[PDB]
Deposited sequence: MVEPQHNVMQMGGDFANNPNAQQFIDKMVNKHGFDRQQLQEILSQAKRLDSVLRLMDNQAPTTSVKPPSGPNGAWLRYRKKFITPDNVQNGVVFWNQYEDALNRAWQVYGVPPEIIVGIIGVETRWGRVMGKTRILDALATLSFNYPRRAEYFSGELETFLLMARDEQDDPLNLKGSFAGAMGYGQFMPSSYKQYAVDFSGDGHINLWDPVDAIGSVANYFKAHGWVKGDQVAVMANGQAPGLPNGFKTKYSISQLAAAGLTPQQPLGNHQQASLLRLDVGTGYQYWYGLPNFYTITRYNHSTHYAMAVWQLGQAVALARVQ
């Protein structure tokens, strides 16, 4: 009947003679009460993916922003965005009321991440995380933490860990949440008692909670386009200047900045030249989802484009 298999101490597969995998199993057993043989059975099926390793290693004016923008802001995407917003309008409104994060932002994030559930990833999360945890020294500690959390997530949401698919880095569902984001920020927004990253309502609430947790200020401006050029100052989402310094550099805001006394200097390559912007706190909050000026601007503008297409 019950097969303890205490003597089955050597698992097979791609991670068979991997010390990192052995240490990881020990940690799960010691810290979380996992069973060594059960975990060995799961990991013996995990695959070491060369592609996952290659991709993690891989990471004017010439119209740079224009090229990035058109990857996301197209008639098909805007139209699908309108369909998603209308379909989940109650959840979006509820997220706005509870977290202070507007529908255009949530719709923009989910659109850029997975085209509203159409492209959620084809790689088994277990394979990606095991590969990065056991055969990638550079970020092994980070990924081992993600694998630990993933296995705990599967246990708690009662998922077979081998059945879940996602990105080459282990990101999941509509919002491409990493396991650590599920742990710290995902919420049961549907009200069914579970937190399902593949449930659009749970994903909407989870993205909203992630935003509020990272400082989203309800009703505050994201960024304000500037008139003028500031070629002498370094730019990017990580920069920080007083409004006074930006003025001395030749900039004026197109919309009043209210009480904001500092801003990042964003510069978008529009082909014919450069378009400068005053980046406000909420813009930086968007970059907390993906550290990129282009990403945050695409998320924001896609959401704006969808909001406008809904009005028509």
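Gap without C-alpha coordinates occurs only at 60 to 69, with positions taken along the deposited sequence from 1.
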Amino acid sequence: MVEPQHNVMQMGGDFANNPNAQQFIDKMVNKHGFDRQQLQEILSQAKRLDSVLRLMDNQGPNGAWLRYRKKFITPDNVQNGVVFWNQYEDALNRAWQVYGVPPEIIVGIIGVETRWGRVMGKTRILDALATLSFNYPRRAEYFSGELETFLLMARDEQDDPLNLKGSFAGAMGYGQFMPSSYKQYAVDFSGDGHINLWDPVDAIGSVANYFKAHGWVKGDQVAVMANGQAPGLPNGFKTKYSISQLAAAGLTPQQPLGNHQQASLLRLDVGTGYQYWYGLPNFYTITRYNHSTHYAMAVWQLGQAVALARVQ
From here on, numbers count along this sequence of modelled residues.
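Averaged over Cα atoms, the B-factor as recorded in the entry is higher for 214 to 222 than for the other of 214 to 222 and 110 to 118. In this entry, 233 to 241 shows the higher mean Cα temperature factor of the pair 165 to 173 and 233 to 241. Ranking 265, 64, 43, 286 by the C-alpha B-factor listed in the PDB entry places 64 at the top. The PDB entry assigns its highest CA temperature factor, among 127, 192, 202, 157, to 157. Remark: residue 271 belongs to the highest third of its chain, ranked by C-alpha B-factor as recorded. Among all modelled residues in its chain, residue 253 ranks in the middle third by Cα B-factor. Residue 153 sits in the highest third of its chain by CA B factor, as recorded in the PDB entry. Ranked by C-alpha B-factor against the other modelled residues of its chain, residue 145 falls in the lowest third. The entry lists a Cα temperature factor for residue 302 that places it in the lowest third of the chain's modelled residues.
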